[PDB]
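Participant: these chains are from a complex, not moved at all, and more is on the way:
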Amino acid sequence: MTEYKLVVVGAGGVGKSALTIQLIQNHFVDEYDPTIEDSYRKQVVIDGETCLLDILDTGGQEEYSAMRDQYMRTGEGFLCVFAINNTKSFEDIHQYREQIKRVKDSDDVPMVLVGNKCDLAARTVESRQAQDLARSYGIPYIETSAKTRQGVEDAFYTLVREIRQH
Amino acid sequence: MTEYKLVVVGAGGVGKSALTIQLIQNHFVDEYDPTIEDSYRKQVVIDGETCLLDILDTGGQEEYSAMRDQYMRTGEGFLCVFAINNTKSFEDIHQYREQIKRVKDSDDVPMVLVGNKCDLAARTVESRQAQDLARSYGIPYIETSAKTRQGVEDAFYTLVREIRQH
């Protein structure tokens, strides 16, 4: 079956890790272990088609800036994430998109803009704002609340659809 | 990689800790801080096989017979140590050998006899004497010096070798 290599990029502190976890992980088990073999892979059915999602989340390694290009190139599709209560992370979205476009050497790379709700702090990036940015880039925008599980599947599946329809 | 639980026993002051720390960090602890119970770990390749050593350094001759029994239940191999410049320590060895034998209930528990502090001139125990006692138990005897590093690797790795062939 088809295997999609999804990469999750973005500034640190925006929950990128909660997204990947909230997708993969079994939500009815006390313990979760990342170091465990293939806890990054998951088989899912999308629009009746079964495939394998291989997700690359390098949360915590943001400071290793020189390894960005390597990690990104291994990907077919990208999830550009920013926290809705963190304006700086939002503004960083552009550079990430440019960096992806560069290593992939294409102006048309499958990607989704994801606004993520990490906590209850005041929202600082208004839905419309991201909406408009996502449209200017011509890519879908999905808002999520990784902790309440809302939007996570949509975010990932939407991207897979992008890859397929590329 | 295989895991080997080694236990270091013997009368206080003999060098148990000093030996382990030398093995572990290649550093000689000059001051004397009584040990209650600590635990070390070491990934090392012995005879082309990668092991993971769990060294349990115990407190010696402190007269806490109750606890000593607890240390020996887990251990797979024992490094019985005495200082070549302390006869009493040498005389205590049988007591430890007997106890291990008792606790584990076996007559061939992997173990090595170590005459530590062989960098000191004032020797009061002769190698022959120790060698004989070793032969009586059917175990090897190694003279070591946590201070210069002499025979430390040999002491520990030999023990690994015996747990390995047992």
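Facilitator: Yes, it's here. Numbers count the residues shown, from 1 in each chain, chains lettered A, B, ... in the order given.
Participant: Relative to the centre of chain A, find the outermost residue for me.
Facilitator: Distance from the C-alpha centroid of chain A, by Cα atoms, centre = their mean, peaks at residue A:30 (25.0 Å).
Participant: Can you verify that residue is assigned to a strand?
Facilitator: No: assigned with DSSP: H, G, I helix; E, B strand; the rest coil, residue A:30 falls outside any strand and is coil.
Participant: which other residues reach the biggest helix by length in chain A?
Facilitator: Counting by DSSP state H, the longest helix found in chain A is helix A:87-104. The contact list for helix A:87-104 (Cβ atoms under 8 Å, 6 or more residues apart in numbering or on different chains) reads A:9-11, A:13-14, A:68-69, A:72-73, A:75, A:78, A:80, A:82-84, A:107, A:109, A:111, A:113, A:115, A:124-125, A:129-130, A:133, A:137. C-betas here are computed from N, CA, C, even on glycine.
Participant: Select only the buried ones of those residues in PyMOL?
Facilitator: Those of the contacts of helix A:87-104 that count as buried under 16 or more other Cβ atoms under 10 Å in any protein chain shown are selected in PyMOL with:
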select buried, chain A and resi 9+10+11+14+68+72+75+78+80+82+83+84+109+111+113+115+125+130+133
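Participant: So which of the contacts of helix A:87-104 sit within helices?
Facilitator: Among these, DSSP H puts A:68, A:69, A:72, A:73, A:129, A:130, A:133, A:137 in helices.
Participant: I'd like to know how far the first one sits from residue A:56.
Facilitator: It stands for residue A:68. In this view, residue A:68 and residue A:56 are 12 Å apart by Cβ to Cβ, to the nearest Å.
Participant: quick one, strands of chain A?
Facilitator: Applying DSSP state E to chain A gives strands spanning A:3-10, A:41-46, A:49-57, A:77-83, A:111-116, A:141-144.
Participant: show me what contacts the residue positioned nearest the centre of chain A?
Facilitator: Centroid check for chain A by Cα atoms, centre = their mean gives residue A:79 as the closest residue, at 2.8 Å. Contact analysis of residue A:79 by Cβ under 8 Å, 6+ apart lists A:6-10, A:16, A:19, A:111-112, A:114, A:155-156, A:159.
Participant: Rebuild the strands of chain A as CSV, extending it with distance to residue B:24.
Facilitator: As requested, the strands of chain A are exported to CSV (distance: least, Cβ to Cβ, whole Å):
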stretch, distance to residue B:24
strand A:3-10, 39
strand A:41-46, 38
strand A:49-57, 35
strand A:77-83, 43
strand A:111-116, 44
strand A:141-144, 47
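Participant: Can you say which of these is nearest to residue B:49?
Facilitator: Closest to residue B:49 of those, according to Cβ to Cβ: strand A:41-46, at 31.6 Å.
Participant: Name the residues linked to residue A:55 by a beta bridge.
Facilitator: When bridges are called by DSSP bridges, residue A:55 pairs up with residue A:6.
Participant: and it, how many neighbours does it have?
Facilitator: Counted with other Cβ atoms under 10 Å in any protein chain shown, the neighbours of residue A:55 add up to 21.
Participant: same structure, new chain, call it chain C:
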Amino acid sequence: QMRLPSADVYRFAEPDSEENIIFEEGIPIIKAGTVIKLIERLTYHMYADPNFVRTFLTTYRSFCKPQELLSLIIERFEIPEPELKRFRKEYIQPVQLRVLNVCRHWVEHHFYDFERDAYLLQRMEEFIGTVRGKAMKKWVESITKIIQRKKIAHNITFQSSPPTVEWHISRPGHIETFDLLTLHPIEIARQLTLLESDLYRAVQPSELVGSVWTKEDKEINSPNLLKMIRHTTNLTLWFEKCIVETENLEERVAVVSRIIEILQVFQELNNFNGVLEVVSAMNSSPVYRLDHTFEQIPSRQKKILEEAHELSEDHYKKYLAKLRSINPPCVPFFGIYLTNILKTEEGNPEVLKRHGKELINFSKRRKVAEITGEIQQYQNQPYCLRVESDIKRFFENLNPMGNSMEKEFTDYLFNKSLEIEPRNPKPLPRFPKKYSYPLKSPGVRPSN
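Facilitator: Same chains as before, plus chain C:
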């Protein structure tokens, strides 16, 4: 059967129940429990488990304050007697010794708790000072000397002798001529391995537990980890600069080769960090596209660089396997750890509830402890390589980006790439040489 004090005069006597302690399905492994139940096992009388002490003292702060920990271990120490010689031998003694073990460790390896809170130290000193009994005397005096030692303010013995420092074009004391090609690739790798090995060894658990290096005061709480990652990033960037600033194809090919040799020596030294610094450079946008340059790289080297690159493939599958097999010393790649620690903390609940009773989720803390413990294990073994002050100084002061912001510099390098090897169909221009010395490598075999 041994009788315990009355759970009314000693809190740590409460029998275990599904309502205050849970075990993982050979001593027991605690899945979850109440702070009390935890500290009870922290100093259990039945068996020994120094791993639990390190684990607990490394992660307790997330579920118990320092001041509270003290108050609790103290309560644990003061056990009421109800055979008396049996209870003392099999209960009070082990327990009390173990409480003193925790105090010794706490002060010896997590002293920062007292540095940041003077009243805690005061209470600790006062407590240790009240431990009466000729028995405990041995330890009491020890914990005391350690405390005093810690308030006012490491030799290395080797099996063999360190190899001879290797030189090439640059000669001792001529730091002004030191550069990628004039120094000996063997020493370059050697010096950078020591440097990187020290940087690695200096990272403490407190800079890792709690994902603090990713928070806003990361500069204050994870200075050593950051200092380490930054060296790595610089080094990688330097390699990239060296390559795209050598415009002459023939000289550039010479550079990439040297770098691949350095990588080879890193492999030999088990400095996986260095391995990746190289791989990352080669895979960077600027370098990755220089087809004409890699075209001319001998096949043995292309194979080396490919095997090195495979380590990171499939989520470091091969990297992880190789570290688990090699024989230390080695410099691991820290990145892997950072991700697992972070993910372990985010993907697991701080507590598990059983009958409305929030029990501290200890398996979460144990998992993170396993990671910090793994880090520490590789931190012990020191390399047996003589230091070269001047070369050392040379790499310590490398500053690829100068005063340029990351993005500017980053674009610079990429443009440089487009200049020395234009996108097709544009034609490949020729450029003047820049090195006035021989470009032949001295090879990576140590001279003996």
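Participant: can you check the contacts of helix A:87-104 again with chain C included?
Facilitator: So helix A:87-104 is in contact with A:9-11, A:13-14, A:68-69, A:72-73, A:75, A:78, A:80, A:82-84, A:107, A:109, A:111, A:113, A:115, A:124-125, A:129-130, A:133, A:137, C:285, C:288, C:407, C:414, going by Cβ under 8 Å, 6+ apart.
Participant: again with stretch C:154-166
Facilitator: Residues contacting stretch C:154-166 (Cβ under 8 Å, 6+ apart): B:22, B:26-28, B:148-149, B:153, C:184, C:186-187, C:190, C:382, C:384-386, C:388, C:442, C:446-448.
Participant: Quick one: neighbours of the closest residue to residue C:104 other than its chain neighbours, just the number.
Facilitator: Using Cβ to Cβ, 6 or more residues apart in numbering or on different chains and skipping residues adjacent in sequence, the residue nearest residue C:104 is residue C:143, 5.1 Å away. The number of residues packed near residue C:143 is 25, by other Cβ under 10 Å.
Participant: contacting residues for residue C:143?
Facilitator: Applying Cβ under 8 Å, 6+ apart, we find residue C:143 in contact with C:100, C:103, C:104, C:107, C:128.
Participant: what separates the residue nearest to the centre of chain A from chain C, distance-wise?
Facilitator: In this view, residue A:79 and chain C are 16 Å apart by Cβ to the nearest Cβ, to the nearest Å.
Participant: Could you find the closest non-adjacent residue to that residue?
Facilitator: Leaving aside its chain neighbours, residue A:79 sits nearest to residue A:8 (4.4 Å; criterion: Cβ to Cβ, 6+ apart).
Participant: hang on, that neighbour packs against residue A:81?
Facilitator: Yes: between residue A:8 and residue A:81 there is a contact under Cβ atoms under 8 Å: 6.3 Å.
Participant: Now for those two: what residues contact both?
Facilitator: Taking Cβ under 8 Å, 6+ apart as the criterion, residue A:8 and residue A:81 both touch A:16, A:19.
Participant: hmm, stretch C:300-316 touching chain A?
Facilitator: Yes: counting by Cβ under 8 Å from any Cβ of the partner chain, contacts between stretch C:300-316 and chain A involve C:312, C:315.
Participant: got the contact list for that stretch?
Facilitator: Contact partners of stretch C:300-316, identified using Cβ under 8 Å, 6+ apart, comprise A:40, A:56, A:70, C:257, C:260-261, C:263-264, C:267, C:272, C:275-276, C:278-279, C:282-283, C:294, C:297, C:318-319, C:322, C:333, C:336.
Participant: Apply 7 Å and report the result again.
Facilitator: Stretch C:300-316 is contacted from outside by A:40, C:257, C:260, C:263-264, C:267, C:275-276, C:278-279, C:282, C:318-319, C:322, C:336, using Cβ atoms under 7 Å, 6 or more residues apart in numbering or on different chains.
Participant: Give me every residue in chain A lying close to chain C.
Facilitator: When proximity is defined as Cβ under 7 Å from any Cβ of the partner chain, chain A approaches chain C at A:12-13, A:17-18, A:21, A:25, A:30-35, A:40, A:58-61, A:63-67, A:69-70, A:73, A:102-103.
Participant: how does it look with 8 Å?
Facilitator: So far as Cβ under 8 Å from any Cβ goes, chain A lies against chain C at A:12-13, A:17-18, A:21, A:25, A:30-35, A:40, A:56-67, A:69-70, A:73, A:95, A:102-103, A:105.
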